[PDB]
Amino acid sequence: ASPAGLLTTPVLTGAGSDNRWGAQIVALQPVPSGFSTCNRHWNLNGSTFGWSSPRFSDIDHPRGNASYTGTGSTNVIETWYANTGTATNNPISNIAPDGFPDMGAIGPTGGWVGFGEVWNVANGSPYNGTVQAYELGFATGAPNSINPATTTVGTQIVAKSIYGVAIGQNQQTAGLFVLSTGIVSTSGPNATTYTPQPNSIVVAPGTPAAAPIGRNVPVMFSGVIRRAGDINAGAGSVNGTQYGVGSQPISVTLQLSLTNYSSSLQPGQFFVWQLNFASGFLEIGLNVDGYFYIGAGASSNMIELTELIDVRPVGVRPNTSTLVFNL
């Protein structure tokens, strides 16, 4: 099938969502440095190097280690951790549970927060209807010295509670369950451009990279996500908002996983659309790895989709030809 239908005006005028946060796509984010992504990322050969299905699954890991630090007066922080490779009930890959975010654990960087539980059948804490906030990511040095990791070889996945409790959790091993929604922790909600930065994205061995090619630089899809804060969980977004990025519109990921596109593009080729604005247009391209490219050069300024008029396909073209950028 032809790639032309994979981008349409609705994708970029309200109905698109990025494949990492599931946030409504309002902007394009040039990445001059280049980047890689595999989790919930599909290519035009219908395959992924990641550990996630093209949906936003809840997170479930049957066995990690839990440890606890804290005086006792609502101070006990819970850290759960497992080696990569132990998510053996995930048919896609045992790297990490389906839905685990491809971001480094926090050690002005944004981190992934979700609401969940650490559970062992013999734990003494009774259930009264709550789940709590955990920072989630790939790391080394858990439990005592968590540090962000960006590969899946020999590293850990961690969930660390943000708020302290007293006693009640004591079992050394336990399962992790986290609801799919991610919000973003950042201690510098003014200095955080967008999350994750290229250097925070976790990728698996084999994952093709998206490097610049001439003035063509890879681009991410950006949308507004809730910031985690201490006023409430998320009512009214009163803790603030940030920009989250993903490598693909989820509608693109999904279609690439459902439908064969493996004959419609060669290495070295982009499928190109034109984006028309008032007072200008630019071109966006898609390669066989499933990355999108823009012709923005060293510019990292976010391109707002507020004034987009329409998307129109252009056709196949080599990735060396410059994607026009007349805004």
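Residue numbers here begin at 1 and follow the sequence given.
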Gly107 to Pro108: deposited residues without atomic coordinates: 4 to 9
Avg C-alpha B-factor, entry values, 185 to 193 vs 170 to 178, higher side is 185 to 193
Could you check the entry and say whether 58 to 66 or 271 to 279 has the higher mean CA B-factor? 271 to 279
Which listed residue, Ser52, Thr259, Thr37, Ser262, has the largest C-alpha temperature factor in the record? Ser262
Scanning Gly72, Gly223, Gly99, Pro143 for peak Cα temperature factor in the entry gives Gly72
Just say lowest, middle or highest third for the CA B-factor of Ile95 relative to the other modelled residues in its chain. middle
Looking at the entry's B-factor column for C-alpha atoms only, identify whether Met302 ranks in the lowest, middle or highest third of its chain. highest
Hey, what third does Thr84 fall into on Cα B-factor, ranked over its chain? middle
Looking at the temperature factor on the CA atom of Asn147, which third of the chain's modelled residues does it land in? lowest
Taking the C-alpha B-factors as the PDB entry records them, is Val26 in the lowest, middle or highest third of its chain? lowest
